[PDB]
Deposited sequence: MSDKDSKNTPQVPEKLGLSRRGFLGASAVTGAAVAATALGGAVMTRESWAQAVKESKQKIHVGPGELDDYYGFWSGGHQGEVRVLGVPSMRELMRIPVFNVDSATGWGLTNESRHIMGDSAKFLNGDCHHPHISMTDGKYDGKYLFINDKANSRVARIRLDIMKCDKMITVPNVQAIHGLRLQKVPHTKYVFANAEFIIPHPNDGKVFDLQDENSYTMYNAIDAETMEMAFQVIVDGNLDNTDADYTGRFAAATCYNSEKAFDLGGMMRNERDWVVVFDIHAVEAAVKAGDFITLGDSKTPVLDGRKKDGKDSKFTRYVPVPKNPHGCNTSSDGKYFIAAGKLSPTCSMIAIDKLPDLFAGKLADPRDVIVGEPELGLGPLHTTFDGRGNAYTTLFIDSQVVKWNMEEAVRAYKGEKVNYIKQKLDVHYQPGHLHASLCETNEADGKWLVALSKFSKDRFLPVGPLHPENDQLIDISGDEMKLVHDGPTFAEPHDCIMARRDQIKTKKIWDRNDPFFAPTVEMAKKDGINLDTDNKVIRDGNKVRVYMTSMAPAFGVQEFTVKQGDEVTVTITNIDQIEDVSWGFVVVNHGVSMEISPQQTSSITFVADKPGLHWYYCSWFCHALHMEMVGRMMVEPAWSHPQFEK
């Protein structure tokens, strides 16, 4: 007998035990929470435009975003942390954008998005998860929607032979495409095994849909051999993982699974891909150690890799793991989390009369994703569970027609799940991920060599500027490039003069060394705003389209004399 009795209060001066990384949902950002307090410590802009830091306005952010900087929106769902040997290594966080078909990488040492890619020749990146073993070499990303190839407006027919969607592999370290695998059907969610050979995804188009399993080794072998095509103007190797006249691809196997299956979750012992049944009141358990036989043609029926199909309740959507042998599954219709024992389910599937269900806990209301601490790793610790519920109804004060999501913290450390905290959140975060405090190591101040602003350092070099010291205004036709340091009471350049119509770039290097002393820069009535934290260089470009005197000021309260940290841009009329 072990009780669930962890402390959930983090009082003043006490620190949280875990980091939580929440998807920002339809709002487009990533959020850092402290767990168990469930307080938001930081917002990391990704696909949104952030007025505060200037993400989406600065030259450094728009460089990372590339052409997709033209979009002001994103739709995030699935945040995941890079792994080495099946354990979080604290290097990167990755997240999808369903709205504009992107994957972004966040560097966890600076807590900023440092790379972003628009996945070519697909629409809507939804499902996303990382290779676990030997490390996160690939980011695996589902493109949800079937589209014509090419999508040039000659063919709109979605049953055309060249209409399909694809499974996507991004090189985690370079954030370039690795390869794409054409599949049958629509892709929903995906996960990876604990060896690197296999990955799997639920599919909902084309009484039984499937989980498609990928032999990533076979895909890799084909790419190395050059046995691939390319699509349109993308150099990405494209492999064909569809069935042809009933004949399987080398790259894929289609495992029949009921019914419009949704969640696709790898157990922390590495034994199972568990697909949540959604319309079927079941989960289906695929034995990963039977997949080699499946691909080698030693099994009579792709159904032979199914070793469990527990009946759990109405509307199973997602599954997580406590590392003790239990799975935890959201029941969307019954509005519960059900705790069940995986090996007992496997024995039940063979016909033994054993109850594998341990507990059903009511949640409020209509849970979608759920996440137990370290569940994506072989160190799953069985301490905390968050269930992310879509309808909060009366659980919080009314706030008008739009309601928050209810993210409920549940103590799973003992035999009985216990609901301990209701956390309201904005714009349907949908899913989250937790890490131990000691798995995350952050920088206190920036490195002057940081790649995040290395292109700005390069630009300064071409102008002969030492960013650590210089306060200079460079004139170049109708372009004006202001460079300044900022510290203690004043901007290093307190006034400058331009001509109406000039394109002004302001680059600021914060040379304060004290942690937490962030600077800001706002140009009044010009739509210009950005952050410059200690030892960072930030830059922003705008046109001086209004004659006269225009004030700029430091936005980030950094000193008793904050109100007075200002400068003047004087714009001479045309």
| message | Comparing the deposited sequence against the modelled residues, what ranges come up empty for C-alpha? | response | 1-52, 259-270, 639-646
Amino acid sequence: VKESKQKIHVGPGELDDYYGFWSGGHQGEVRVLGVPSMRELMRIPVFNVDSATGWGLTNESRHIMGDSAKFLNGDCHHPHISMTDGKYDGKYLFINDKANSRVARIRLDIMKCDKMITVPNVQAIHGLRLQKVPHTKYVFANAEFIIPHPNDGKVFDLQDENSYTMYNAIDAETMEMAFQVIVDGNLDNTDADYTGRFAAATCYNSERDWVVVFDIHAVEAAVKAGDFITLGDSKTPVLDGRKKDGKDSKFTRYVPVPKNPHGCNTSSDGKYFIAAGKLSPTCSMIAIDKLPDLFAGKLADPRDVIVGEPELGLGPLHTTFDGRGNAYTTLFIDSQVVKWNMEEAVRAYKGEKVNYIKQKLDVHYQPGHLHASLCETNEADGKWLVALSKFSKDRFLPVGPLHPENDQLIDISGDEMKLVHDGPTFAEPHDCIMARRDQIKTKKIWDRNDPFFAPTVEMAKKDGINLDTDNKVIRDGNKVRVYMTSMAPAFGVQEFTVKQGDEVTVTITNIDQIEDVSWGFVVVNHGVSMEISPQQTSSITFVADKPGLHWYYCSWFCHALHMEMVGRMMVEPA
From here on, numbers count along this sequence of modelled residues.
| query | If you average the CA temperature factors over each stretch, which comes out higher, 347-355 or 92-100? | reply | 347-355
| query | Should the higher mean CA B-factor in the entry be assigned to 364-372 or to 388-396? | reply | 388-396
| query | Looking at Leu402, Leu294, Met111, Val473, which has the highest Cα B-factor in the entry? | reply | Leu294
| field | Highest recorded Cα temperature factor - choice among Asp502, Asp301, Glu176, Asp191 | value | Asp301
| When the modelled residues of the chain are sorted by Cα temperature factor, does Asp67 land in the lowest, middle or highest third? | middle
| query | Which third of the chain holds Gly246 when residues are ordered by C-alpha B factor: lowest, middle or highest? | reply | highest
| said: Using the temperature factors of the C-alpha atoms in this entry, rank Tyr164 within its chain: lowest, middle or highest third. | reply: middle
| message | Using the temperature factors of the C-alpha atoms in this entry, rank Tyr18 within its chain: lowest, middle or highest third. | response | middle
| remark: Binned into thirds over the chain's modelled residues, the C-alpha B-factor of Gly28 lands in the lowest
